Amino acid sequence: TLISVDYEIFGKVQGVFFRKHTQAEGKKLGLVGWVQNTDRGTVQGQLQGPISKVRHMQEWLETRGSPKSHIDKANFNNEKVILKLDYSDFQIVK
């Protein structure tokens, strides 16, 4: 079963190479989607892939992040089953 879920990560999450590490971890886990800095100092995006792989990523986003990050909170929402992927890679949105 494939799912899509949205995320936003709060904390010391900008200026700590969060997007680069997020993309690398997503790719390692066989996930597609995207990551983007927000105007409110957070990191946001969407993950898509097998449920099991998405859960691994969610733990990473709430627990680990990039080496220099400090994560205050990870909010997940809009989880939904999808019939096929909407993306073919894990992109950093400039």
Side-chain angles (χ1 to χ4, degrees):
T1 299
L2 303 177
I3 56 168
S4 184
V5 70
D6 303 352
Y7 65 94
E8 190 177 15
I9 318 300
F10 294 75
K12 185 184 185 164
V13 295
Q14 296 191 355
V16 294
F17 301 97
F18 207 96
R19 293 168 296 171
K20 185 158 64 179
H21 286 264
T22 299
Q23 173 183 61
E25 195 71 11
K27 290 185 200 160
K28 178 175 95 189
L29 296 167
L31 298 180
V32 299
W34 56 274
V35 61
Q36 184 187 32
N37 280 175
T38 75
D39 69 5
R40 71 188 188 172
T42 62
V43 175
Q44 75 179 359
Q46 191 171 79
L47 308 170
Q48 301 192 339
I51 297 168
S52 178
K53 301 289 198 62
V54 170
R55 304 297 184 232
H56 281 280
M57 188 65 184
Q58 290 180 298
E59 299 194 27
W60 184 89
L61 287 164
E62 72 191 7
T63 206
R64 186 170 172 101
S66 58
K68 300 295 189 179
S69 64
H70 179 92
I71 300 162
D72 286 335
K73 183 70 189 301
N75 288 336
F76 302 102
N77 80 142
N78 297 321
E79 180 162 304
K80 58 181 180 167
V81 175
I82 60 183
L83 295 197
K84 64 170 174 72
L85 300 177
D86 292 315
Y87 312 93
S88 63
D89 197 0
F90 203 110
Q91 294 279 46
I92 298 167
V93 171
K94 294 186 188 169

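In this chain, numbering begins with 1 at the start of the sequence shown. When reading the values below, keep in mind they use all heavy atoms of this one structure, side chains included, and skip hydrogens, waters and symmetry mates.
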- For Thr42, does its backbone N or O pair with a side-chain atom of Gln14 as donor and acceptor, under 3.5 Å? yes
- Item | 4.5 Å side-chain heavy-atom contact, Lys20 and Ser66 | no
- Query: Which pair of heavy atoms, one from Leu2 and one from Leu83, lies closest together, and at what distance?
  - Reply: CD1-O, 3.9 Å
Scan the side chains in residues 22-33 for donor-acceptor partners under 3.5 Å anywhere in the protein, sequence neighbours excluded, and list what turns up.
| from | atom 1 | to | atom 2 | distance (Å) |
| --- | --- | --- | --- | --- |
| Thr22 | OG1 | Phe18 | O | 2.7 |
| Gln23 | NE2 | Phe90 | O | 2.8 |
| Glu25 | OE1 | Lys28 | NZ | 3.0 |
| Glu25 | OE2 | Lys28 | NZ | 2.7 |

- Rounded distance (nearest 0.5 Å) linking atom NZ of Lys73 with atom CD of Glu62: 9.5 Å
- Query: Are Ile92 and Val43 connected in the hydrophobic side-chain network, where two residues link if heavy atoms are under 4.5 Å apart?
  - Reply: yes
- Would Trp60 end up clustered with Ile9 when hydrophobic side chains under 4.5 Å apart are linked, directly or stepwise? yes
- Message: Can you pull out every side chain to side chain donor-acceptor pair (under 3.5 Å) where at least one residue sits in residues 84-93? Sequence neighbours excluded, please.
- Response: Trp34-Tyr87, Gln46-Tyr87, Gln48-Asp86
- Quick one: are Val35 and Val93 in side-chain contact, heavy atoms under 4.5 Å? no
- What's the shortest heavy-atom distance between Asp6 and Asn78, and which atoms? OD2-ND2, 2.9 Å
- Heavy-atom donor-acceptor pair, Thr38 side chain to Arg40 backbone, under 3.5 Å: yes
- Count the heavy atoms belonging to other residues, nucleotides or ligands that lie under 6.0 Å from CZ of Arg64, then report whether that count exceeds 12. no
- Message: Let me check something: do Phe10 and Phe76 share a hydrophobic cluster, defined by ILVMFWY side-chain heavy atoms less than 4.5 Å apart, either directly or through other members?
- Response: no
- Pairwise distance OH(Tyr7) to CD(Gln58) - rounded to 0.5 angstrom: 11.0 Å
- Are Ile3 and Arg55 side-chain neighbours, meaning at least one heavy-atom pair lies under 4.5 Å? yes
- Over all atoms of both residues, closest heavy-atom pair of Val16 and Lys12: CG2-O, 3.7 Å
- Message: Let me check something: do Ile82 and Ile51 share a hydrophobic cluster, defined by ILVMFWY side-chain heavy atoms less than 4.5 Å apart, either directly or through other members?
- Response: no
- Task: Supply the atom-to-atom distance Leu61 CG to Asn75 CG, rounded to the nearest 0.5 angstrom.
- Result: 11.5 Å
